[PDB]
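One structure is given below, encoded as structure tokens.
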Amino acid sequence: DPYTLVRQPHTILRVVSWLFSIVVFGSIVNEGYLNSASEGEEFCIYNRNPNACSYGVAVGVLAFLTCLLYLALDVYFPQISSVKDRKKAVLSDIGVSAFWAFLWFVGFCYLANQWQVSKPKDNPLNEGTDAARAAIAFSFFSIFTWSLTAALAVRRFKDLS
Numbered sequence: 016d017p018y019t020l021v022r023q024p025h026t027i028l029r030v031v032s033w034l035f036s037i038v039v040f041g042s043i044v045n046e047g048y049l050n051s052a053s054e055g056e057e058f059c060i061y062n063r064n065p066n067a068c069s070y071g072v073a074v075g076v077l078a079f080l081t082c083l084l085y086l087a088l089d090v091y092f093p094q095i096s097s098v099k100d101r102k103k104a105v106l107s108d109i110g111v112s113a114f115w116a117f118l119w120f121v122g123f124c125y126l127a128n129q130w131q132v133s134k135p136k137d138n139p140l141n142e143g144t145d146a147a148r149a150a151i152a153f154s155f156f157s158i159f160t161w162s163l164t165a166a167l168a169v170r171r172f173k174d175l176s
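Rendered as structure tokens:
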């Protein structure tokens, strides 16, 4: 039912992941790994630490960009007179949302794995620093919210189809 998807938690998930993407990006910046990644020095640009974080930055800042724009679309979702055109909008966004699950999975793994390289792998990821752990945690949290949208790729689509 098109007229129930107007209150679909999907929109909420966009807001949640929108914020989470800010937290991850910001946390990485707070650590200073973004600056290190941009640093052309061969001991920083080839350093795996900031490079792993730069993957978090990639998906972080672009998720902010994408989700922000996606939320703007939701504003006018119920303003669409054609249910078919609504399906087009959902299909277009939700396909990327499913891809975000992949993208954040990869970025997350870079953060988690690189931590196990630089720090004792016998210890859990929660033995890292405040912001570093925030980036990892909220990256994982993002994956959850994106995996929900991956399911909605069928739910919402068929409810409009």
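With the deposited numbering applied, the sequence shown corresponds to residues 16 to 176, in that order.
C-beta: ideal position from N, C-alpha, C; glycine also.
- DSSP places residue 24 within a helical segment (H, G or I) once states are collapsed to three.
- Here residue 36 really is in contact with residue 78; their C-beta atoms are around 4 Å apart, less than 8 Å.
- Take the alpha-carbon of residue 123 and the one of residue 67: they are about 9 Å apart.
- Counting only the Cα atoms, residue 173 lies some 11 Å from residue 99.
- The three-state secondary structure of residue 16, taken from DSSP, is coil.
- When the beta-carbon positions are compared, residue 97 and residue 119 stay at least 8 Å from each other.
- For residue 140, there is no enclosing alpha helix (DSSP H), as DSSP marks it with neither H nor E.
- Here residue 24 is exposed. Its C-beta has fewer than 16 other C-beta atoms within 10 Å.
- Here residue 65 carries a helix assignment [DSSP, helix/strand/coil].
- A Cβ-Cβ separation of about 15 Å leaves residue 69 out of contact with residue 146 under the 8 Å criterion.
- With a 10 Å radius around the Cβ and a threshold of 16 neighbouring Cβ atoms, residue 126 comes out buried.
- Residue 94 carries a coil assignment under DSSP once its states are collapsed to helix, strand and coil.
- The three-state secondary structure of residue 46, taken from DSSP, is helix.
- For residue 150, the closest alpha carbon among the candidates 74, 30, 102 is that of 74.
- Between residue 167 and residue 109 a beta carbon distance of about 6 Å is seen, short of the 8 Å cut, so the two are scored as contacting.
- Taking residue 71 as reference, the option from 19, 57, 89, 117 with the minimal CA-CA separation is 117.
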